[PDB]
Amino acid sequence: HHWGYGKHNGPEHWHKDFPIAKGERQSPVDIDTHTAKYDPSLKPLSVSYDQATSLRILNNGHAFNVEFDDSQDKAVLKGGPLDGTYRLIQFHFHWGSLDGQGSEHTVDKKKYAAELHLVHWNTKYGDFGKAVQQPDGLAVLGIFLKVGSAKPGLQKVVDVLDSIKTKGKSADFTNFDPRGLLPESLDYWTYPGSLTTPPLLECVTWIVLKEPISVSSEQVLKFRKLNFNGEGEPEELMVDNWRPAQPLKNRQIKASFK
Ligand SMILES: CC(C)Cc1ccc([C@@H](C)C(=O)O)cc1
Ligand SMILES: [Zn+2]
């Protein structure tokens, strides 16, 4: 499998190997703020990260992942639209070559500079590989990034990127607190969707926060110095690793707020 984000292997090609790319609940989507409806049945969202155990940071050739110990209920997402308990396994970002693009979700067609995904899996399915085979297997918290002030809680990530420049590189990344990446407000939109990269499985409850976080131009510039390629291969900067918005089809986006 040779998928990526270039002209010859990018999102417009993925359907040939992954036909679900044209499916009924694909992600990301545009969030029309005038059509999304407040849902008073949504319970309060519960982000419990105080015992999170980060382990490692990895350049996988498509993004960089910060991985967590998910062998116990240490860092969990509950509530909101969710039934049951979802364990944090990793976070990563999608970002652009310029500040005017980079997010996967859009808000009234606005693109943000980047988007953070905190990925969690439903503990009722026992392991992550089983969970992705279920319609309610994953819960992903999506957080928009805009360029302005620096985000102090992001700097420890930015400063290790030099050590994982190329595909397949990893570095120890213990004692990182993901609570430092959240906005003040947990107001959100939610809808059923999919992974936004191959294999594009339709297994995700998306929870997209309304409030973006601010990062500095210097912080996002360091994202853009990473490489898609491996060491000793021609340099391809890791930029524009985002899938565009997909048809909403027979789905409603619900708001947690008035
Ligand atoms: C091998 C696959 C399962 C890895 C993967 C994890 C999470 C995502 C989505 C939810 C995302 O956050 O972009 C996409 C791919
Ligand atoms: Zn993602």
# chains A, B, ... in the order shown; residues from 1 in each chain; ligands from 1
$ residues_around --residues "residue 101 (chain A)" --least-positions-apart "5" --cutoff "6 Å" --atoms "only C-alpha atoms" --output "PyMOL selection string"
chain A and resi 96+111-113
$ residues_around --residues "region 26-30 of chain A" --least-positions-apart "6" --cutoff "8 Å" --atoms "only C-alpha atoms" --output "list in words"
residues 104, 105, 106, 107, 108, 109, 193, 194, 195, 196, 200, 202, 243, 244, 245, 246, 247 and 248 of chain A
$ write_last_selection --atoms "C-alpha atoms" --output "JSON list (two decimals), in the first residue's frame"
[["chain", "number", "residue", "atom", "x", "y", "z"],
["A", 104, "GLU", "CA", -9.66, 18.19, 7.98],
["A", 105, "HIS", "CA", -12.98, 19.37, 9.37],
["A", 106, "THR", "CA", -14.09, 22.82, 8.28],
["A", 107, "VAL", "CA", -16.54, 25.21, 9.94],
["A", 108, "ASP", "CA", -18.83, 27.00, 7.48],
["A", 109, "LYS", "CA", -16.12, 26.09, 4.90],
["A", 193, "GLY", "CA", -17.94, 9.10, 10.66],
["A", 194, "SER", "CA", -14.74, 7.39, 9.72],
["A", 195, "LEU", "CA", -10.98, 7.26, 9.84],
["A", 196, "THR", "CA", -9.69, 10.04, 7.58],
["A", 200, "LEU", "CA", -11.09, 4.67, 6.04],
["A", 202, "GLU", "CA", -16.57, 3.74, 9.46],
["A", 243, "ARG", "CA", -8.21, 14.85, 3.61],
["A", 244, "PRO", "CA", -10.82, 17.33, 2.30],
["A", 245, "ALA", "CA", -14.42, 17.38, 3.41],
["A", 246, "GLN", "CA", -16.60, 14.46, 2.27],
["A", 247, "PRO", "CA", -20.36, 14.36, 1.56],
["A", 248, "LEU", "CA", -22.51, 14.46, 4.69]]
$ closest_residue --among "A:229, A:184, A:11, A:68" --to "residue 56 (chain A)" --atoms "only C-alpha atoms"
A:68
$ residues_near_ligand --ligand "ligand 2" --cutoff "7 Å" --atoms "only C-alpha atoms and all ligand atoms" --output "ChimeraX atom specification"
/A:92-94,116-117,196
$ closest_residue --among "A:125, A:169, A:87, A:130" --to "residue 228 (chain A)" --atoms "only C-alpha atoms"
A:169
$ closest_residue --among "A:160, A:147, A:205, A:168" --to "residue 86 (chain A)" --atoms "only C-alpha atoms"
A:205
$ select_by_dssp --residues "region 32-209 of chain A" --states "strand (DSSP E or B)" --output "PyMOL selection string"
chain A and resi 37-38+45-48+54-59+64-68+76-79+86-95+106-107+110+114-122+138-147+170-172+188-193+204-209
$ closest_atom_pairs --of "region 131-183 of chain A" --to "region 217-225 of chain A" --cutoff "12 Å" --atoms "only C-alpha atoms" --output "JSON lines"
{"residue": "A:145", "atom": "CA", "partner": "A:220", "partner_atom": "CA", "distance": 9.4}
{"residue": "A:146", "atom": "CA", "partner": "A:217", "partner_atom": "CA", "distance": 9.3}
{"residue": "A:147", "atom": "CA", "partner": "A:217", "partner_atom": "CA", "distance": 5.9}
{"residue": "A:148", "atom": "CA", "partner": "A:217", "partner_atom": "CA", "distance": 6.9}
{"residue": "A:149", "atom": "CA", "partner": "A:217", "partner_atom": "CA", "distance": 8.2}
{"residue": "A:150", "atom": "CA", "partner": "A:219", "partner_atom": "CA", "distance": 7.2}
{"residue": "A:151", "atom": "CA", "partner": "A:219", "partner_atom": "CA", "distance": 8.3}
{"residue": "A:152", "atom": "CA", "partner": "A:219", "partner_atom": "CA", "distance": 10.0}
{"residue": "A:153", "atom": "CA", "partner": "A:219", "partner_atom": "CA", "distance": 11.2}
{"residue": "A:154", "atom": "CA", "partner": "A:219", "partner_atom": "CA", "distance": 8.0}
{"residue": "A:155", "atom": "CA", "partner": "A:219", "partner_atom": "CA", "distance": 7.3}
{"residue": "A:156", "atom": "CA", "partner": "A:219", "partner_atom": "CA", "distance": 10.4}
{"residue": "A:157", "atom": "CA", "partner": "A:219", "partner_atom": "CA", "distance": 9.3}
{"residue": "A:158", "atom": "CA", "partner": "A:219", "partner_atom": "CA", "distance": 6.3}
{"residue": "A:159", "atom": "CA", "partner": "A:222", "partner_atom": "CA", "distance": 8.4}
{"residue": "A:160", "atom": "CA", "partner": "A:222", "partner_atom": "CA", "distance": 9.9}
{"residue": "A:161", "atom": "CA", "partner": "A:222", "partner_atom": "CA", "distance": 7.4}
{"residue": "A:162", "atom": "CA", "partner": "A:222", "partner_atom": "CA", "distance": 8.4}
{"residue": "A:163", "atom": "CA", "partner": "A:225", "partner_atom": "CA", "distance": 11.5}
{"residue": "A:164", "atom": "CA", "partner": "A:225", "partner_atom": "CA", "distance": 10.5}
{"residue": "A:165", "atom": "CA", "partner": "A:225", "partner_atom": "CA", "distance": 7.5}
{"residue": "A:166", "atom": "CA", "partner": "A:225", "partner_atom": "CA", "distance": 9.9}
$ atom_distance --atom1 "CA of residue 98 (chain A)" --atom2 "CA of residue 63 (chain A)"
16.5 Å
$ residues_around --residues "region 207-211 of chain A" --least-positions-apart "2" --cutoff "6 Å" --atoms "only C-alpha atoms" --output "number ranges by chain"
A: 141-143, 187-190
$ atom_distance --atom1 "CA of residue 82 (chain A)" --atom2 "CA of residue 33 (chain A)"
21.6 Å
$ closest_residue --among "A:257, A:128, A:144, A:191" --to "ligand 1" --atoms "only C-alpha atoms and all ligand atoms"
A:128
$ residues_around --residues "residue 51 (chain A)" --least-positions-apart "5" --cutoff "12 Å" --atoms "only C-alpha atoms" --output "PDB file with N, CA, C and O atoms, in the first residue's frame"
ATOM      1  N   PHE A  68       0.340   6.351  23.905  1.00  0.00           N
ATOM      2  CA  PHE A  68       0.056   6.209  25.333  1.00  0.00           C
ATOM      3  C   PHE A  68      -0.055   4.743  25.733  1.00  0.00           C
ATOM      4  O   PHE A  68      -0.385   3.881  24.921  1.00  0.00           O
ATOM      5  N   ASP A  69       0.170   4.480  27.021  1.00  0.00           N
ATOM      6  CA  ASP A  69      -0.130   3.162  27.583  1.00  0.00           C
ATOM      7  C   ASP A  69      -1.637   2.994  27.722  1.00  0.00           C
ATOM      8  O   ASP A  69      -2.269   3.618  28.579  1.00  0.00           O
ATOM      9  N   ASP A  70      -2.224   2.152  26.875  1.00  0.00           N
ATOM     10  CA  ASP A  70      -3.656   1.883  26.892  1.00  0.00           C
ATOM     11  C   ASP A  70      -3.956   0.456  27.360  1.00  0.00           C
ATOM     12  O   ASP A  70      -4.973  -0.121  26.988  1.00  0.00           O
ATOM     13  N   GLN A  72      -4.514  -0.199  30.460  1.00  0.00           N
ATOM     14  CA  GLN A  72      -5.417   0.017  31.584  1.00  0.00           C
ATOM     15  C   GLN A  72      -6.201   1.288  31.318  1.00  0.00           C
ATOM     16  O   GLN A  72      -5.809   2.091  30.468  1.00  0.00           O
ATOM     17  N   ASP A  73      -7.267   1.503  32.112  1.00  0.00           N
ATOM     18  CA  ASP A  73      -8.109   2.711  32.019  1.00  0.00           C
ATOM     19  C   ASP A  73      -7.432   3.944  32.643  1.00  0.00           C
ATOM     20  O   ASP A  73      -7.940   4.549  33.576  1.00  0.00           O
ATOM     21  N   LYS A  74      -6.295   4.363  32.081  1.00  0.00           N
ATOM     22  CA  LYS A  74      -5.544   5.474  32.681  1.00  0.00           C
ATOM     23  C   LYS A  74      -6.039   6.846  32.225  1.00  0.00           C
ATOM     24  O   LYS A  74      -6.198   7.756  33.037  1.00  0.00           O
ATOM     25  N   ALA A  75      -6.230   7.014  30.928  1.00  0.00           N
ATOM     26  CA  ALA A  75      -6.689   8.264  30.341  1.00  0.00           C
ATOM     27  C   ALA A  75      -7.898   7.915  29.489  1.00  0.00           C
ATOM     28  O   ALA A  75      -7.762   7.169  28.509  1.00  0.00           O
ATOM     29  N   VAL A  76      -9.072   8.400  29.879  1.00  0.00           N
ATOM     30  CA  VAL A  76     -10.316   7.966  29.265  1.00  0.00           C
ATOM     31  C   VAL A  76     -11.218   9.141  28.906  1.00  0.00           C
ATOM     32  O   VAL A  76     -11.193  10.218  29.518  1.00  0.00           O
ATOM     33  N   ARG A  87     -10.600   4.518  25.771  1.00  0.00           N
ATOM     34  CA  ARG A  87      -9.251   4.702  26.266  1.00  0.00           C
ATOM     35  C   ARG A  87      -8.412   5.463  25.251  1.00  0.00           C
ATOM     36  O   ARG A  87      -8.388   5.090  24.065  1.00  0.00           O
ATOM     37  N   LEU A  88      -7.665   6.473  25.738  1.00  0.00           N
ATOM     38  CA  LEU A  88      -6.731   7.173  24.865  1.00  0.00           C
ATOM     39  C   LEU A  88      -5.587   6.265  24.437  1.00  0.00           C
ATOM     40  O   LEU A  88      -4.876   5.710  25.289  1.00  0.00           O
ATOM     41  N   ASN A 175       5.944  11.155  30.236  1.00  0.00           N
ATOM     42  CA  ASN A 175       5.538  12.223  31.135  1.00  0.00           C
ATOM     43  C   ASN A 175       5.013  13.458  30.412  1.00  0.00           C
ATOM     44  O   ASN A 175       5.126  14.575  30.917  1.00  0.00           O
ATOM     45  N   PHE A 176       4.371  13.273  29.266  1.00  0.00           N
ATOM     46  CA  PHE A 176       3.718  14.378  28.579  1.00  0.00           C
ATOM     47  C   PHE A 176       2.251  14.416  28.979  1.00  0.00           C
ATOM     48  O   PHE A 176       1.579  13.390  28.962  1.00  0.00           O
ATOM     49  N   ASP A 177       1.747  15.613  29.308  1.00  0.00           N
ATOM     50  CA  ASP A 177       0.387  15.797  29.794  1.00  0.00           C
ATOM     51  C   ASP A 177      -0.499  16.324  28.688  1.00  0.00           C
ATOM     52  O   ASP A 177      -0.424  17.516  28.346  1.00  0.00           O
ATOM     53  N   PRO A 178      -1.363  15.494  28.098  1.00  0.00           N
ATOM     54  CA  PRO A 178      -2.212  15.978  26.994  1.00  0.00           C
ATOM     55  C   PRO A 178      -3.248  17.009  27.411  1.00  0.00           C
ATOM     56  O   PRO A 178      -3.795  17.700  26.536  1.00  0.00           O
ATOM     57  N   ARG A 179      -3.487  17.193  28.714  1.00  0.00           N
ATOM     58  CA  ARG A 179      -4.409  18.239  29.142  1.00  0.00           C
ATOM     59  C   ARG A 179      -3.958  19.619  28.708  1.00  0.00           C
ATOM     60  O   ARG A 179      -4.790  20.511  28.569  1.00  0.00           O
TER      61      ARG A 179
END
$ closest_residue --among "A:48, A:85, A:256, A:54" --to "residue 137 (chain A)" --atoms "only C-alpha atoms"
A:85
$ select_by_dssp --residues "region 117-161 of chain A" --states "alpha helix (DSSP H)" --output "VMD selection string"
chain A and resid 128 to 131 155 to 160
$ closest_residue --among "A:126, A:6, A:23, A:40" --to "residue 62 (chain A)" --atoms "only C-alpha atoms"
A:6
$ decode --residues "region 160-248 of chain A" --atoms "C-alpha atoms" --output "PDB file, in the first residue's frame"
ATOM      1  CA  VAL A 160      11.388  16.736  19.946  1.00  0.00           C
ATOM      2  CA  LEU A 161      10.435  16.853  16.244  1.00  0.00           C
ATOM      3  CA  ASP A 162      14.081  17.342  15.239  1.00  0.00           C
ATOM      4  CA  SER A 163      14.722  13.798  16.462  1.00  0.00           C
ATOM      5  CA  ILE A 164      11.961  12.119  14.367  1.00  0.00           C
ATOM      6  CA  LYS A 165      12.404  13.999  11.112  1.00  0.00           C
ATOM      7  CA  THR A 166      11.911  11.013   8.796  1.00  0.00           C
ATOM      8  CA  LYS A 167       9.548   8.075   8.411  1.00  0.00           C
ATOM      9  CA  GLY A 168      10.180   5.257  10.878  1.00  0.00           C
ATOM     10  CA  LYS A 169      12.011   7.351  13.470  1.00  0.00           C
ATOM     11  CA  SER A 170      10.765   7.350  17.045  1.00  0.00           C
ATOM     12  CA  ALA A 171      11.862   8.827  20.364  1.00  0.00           C
ATOM     13  CA  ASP A 172      11.008   8.301  24.000  1.00  0.00           C
ATOM     14  CA  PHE A 173       8.237  10.678  25.017  1.00  0.00           C
ATOM     15  CA  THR A 174       7.271   9.968  28.613  1.00  0.00           C
ATOM     16  CA  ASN A 175       5.538  12.223  31.135  1.00  0.00           C
ATOM     17  CA  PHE A 176       3.718  14.378  28.579  1.00  0.00           C
ATOM     18  CA  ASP A 177       0.387  15.797  29.794  1.00  0.00           C
ATOM     19  CA  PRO A 178      -2.212  15.978  26.994  1.00  0.00           C
ATOM     20  CA  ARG A 179      -4.409  18.239  29.142  1.00  0.00           C
ATOM     21  CA  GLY A 180      -2.131  21.082  28.036  1.00  0.00           C
ATOM     22  CA  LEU A 181      -3.452  20.798  24.466  1.00  0.00           C
ATOM     23  CA  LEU A 182      -7.160  21.451  25.300  1.00  0.00           C
ATOM     24  CA  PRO A 183      -9.030  24.756  24.936  1.00  0.00           C
ATOM     25  CA  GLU A 184     -10.886  26.274  27.902  1.00  0.00           C
ATOM     26  CA  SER A 185     -14.331  25.228  26.659  1.00  0.00           C
ATOM     27  CA  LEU A 186     -15.467  21.690  25.887  1.00  0.00           C
ATOM     28  CA  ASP A 187     -18.439  22.816  23.749  1.00  0.00           C
ATOM     29  CA  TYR A 188     -18.560  20.472  20.742  1.00  0.00           C
ATOM     30  CA  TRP A 189     -20.222  19.192  17.600  1.00  0.00           C
ATOM     31  CA  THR A 190     -20.652  15.450  17.083  1.00  0.00           C
ATOM     32  CA  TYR A 191     -21.509  13.130  14.178  1.00  0.00           C
ATOM     33  CA  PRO A 192     -20.813   9.521  13.091  1.00  0.00           C
ATOM     34  CA  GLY A 193     -17.939   9.096  10.658  1.00  0.00           C
ATOM     35  CA  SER A 194     -14.740   7.395   9.716  1.00  0.00           C
ATOM     36  CA  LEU A 195     -10.985   7.255   9.842  1.00  0.00           C
ATOM     37  CA  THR A 196      -9.686  10.045   7.576  1.00  0.00           C
ATOM     38  CA  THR A 197      -6.849   7.891   6.165  1.00  0.00           C
ATOM     39  CA  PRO A 198      -6.823   4.390   4.704  1.00  0.00           C
ATOM     40  CA  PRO A 199      -8.361   2.025   5.597  1.00  0.00           C
ATOM     41  CA  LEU A 200     -11.091   4.666   6.036  1.00  0.00           C
ATOM     42  CA  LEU A 201     -13.166   2.438   8.318  1.00  0.00           C
ATOM     43  CA  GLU A 202     -16.568   3.740   9.464  1.00  0.00           C
ATOM     44  CA  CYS A 203     -15.944   3.227  13.157  1.00  0.00           C
ATOM     45  CA  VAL A 204     -15.652   6.751  14.660  1.00  0.00           C
ATOM     46  CA  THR A 205     -17.851   8.928  16.852  1.00  0.00           C
ATOM     47  CA  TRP A 206     -16.394  12.375  16.045  1.00  0.00           C
ATOM     48  CA  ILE A 207     -16.405  15.008  18.798  1.00  0.00           C
ATOM     49  CA  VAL A 208     -15.114  18.306  17.345  1.00  0.00           C
ATOM     50  CA  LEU A 209     -14.514  21.136  19.803  1.00  0.00           C
ATOM     51  CA  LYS A 210     -15.858  24.554  18.858  1.00  0.00           C
ATOM     52  CA  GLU A 211     -13.045  26.520  20.511  1.00  0.00           C
ATOM     53  CA  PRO A 212      -9.710  26.383  18.644  1.00  0.00           C
ATOM     54  CA  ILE A 213      -6.371  26.514  20.398  1.00  0.00           C
ATOM     55  CA  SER A 214      -3.758  29.076  19.411  1.00  0.00           C
ATOM     56  CA  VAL A 215      -0.235  28.022  18.388  1.00  0.00           C
ATOM     57  CA  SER A 216       2.577  30.278  17.229  1.00  0.00           C
ATOM     58  CA  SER A 217       3.935  30.630  13.726  1.00  0.00           C
ATOM     59  CA  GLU A 218       7.225  29.185  15.025  1.00  0.00           C
ATOM     60  CA  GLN A 219       5.438  26.110  16.416  1.00  0.00           C
ATOM     61  CA  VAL A 220       3.611  25.259  13.195  1.00  0.00           C
ATOM     62  CA  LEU A 221       6.742  25.993  11.126  1.00  0.00           C
ATOM     63  CA  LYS A 222       8.457  23.167  13.003  1.00  0.00           C
ATOM     64  CA  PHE A 223       5.628  20.786  12.005  1.00  0.00           C
ATOM     65  CA  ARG A 224       6.367  21.726   8.397  1.00  0.00           C
ATOM     66  CA  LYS A 225      10.045  20.711   8.620  1.00  0.00           C
ATOM     67  CA  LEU A 226       9.189  17.061   9.140  1.00  0.00           C
ATOM     68  CA  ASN A 227       9.526  14.652   6.223  1.00  0.00           C
ATOM     69  CA  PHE A 228       7.183  12.109   4.655  1.00  0.00           C
ATOM     70  CA  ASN A 229      10.192  10.187   3.347  1.00  0.00           C
ATOM     71  CA  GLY A 230      12.609   7.921   5.155  1.00  0.00           C
ATOM     72  CA  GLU A 231      16.223   8.719   5.923  1.00  0.00           C
ATOM     73  CA  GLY A 232      18.455   8.695   2.887  1.00  0.00           C
ATOM     74  CA  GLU A 233      15.553   9.218   0.477  1.00  0.00           C
ATOM     75  CA  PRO A 234      14.657  12.356  -1.500  1.00  0.00           C
ATOM     76  CA  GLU A 235      13.212  14.970   0.825  1.00  0.00           C
ATOM     77  CA  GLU A 236       9.446  15.488   0.742  1.00  0.00           C
ATOM     78  CA  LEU A 237       8.244  17.933   3.378  1.00  0.00           C
ATOM     79  CA  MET A 238       5.401  16.638   5.575  1.00  0.00           C
ATOM     80  CA  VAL A 239       2.783  19.279   4.791  1.00  0.00           C
ATOM     81  CA  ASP A 240      -0.868  19.151   3.680  1.00  0.00           C
ATOM     82  CA  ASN A 241      -1.512  15.762   5.274  1.00  0.00           C
ATOM     83  CA  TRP A 242      -5.259  16.423   5.413  1.00  0.00           C
ATOM     84  CA  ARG A 243      -8.211  14.853   3.605  1.00  0.00           C
ATOM     85  CA  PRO A 244     -10.816  17.327   2.297  1.00  0.00           C
ATOM     86  CA  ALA A 245     -14.418  17.385   3.415  1.00  0.00           C
ATOM     87  CA  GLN A 246     -16.598  14.457   2.270  1.00  0.00           C
ATOM     88  CA  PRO A 247     -20.363  14.365   1.562  1.00  0.00           C
ATOM     89  CA  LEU A 248     -22.514  14.458   4.695  1.00  0.00           C
TER      90      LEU A 248
END
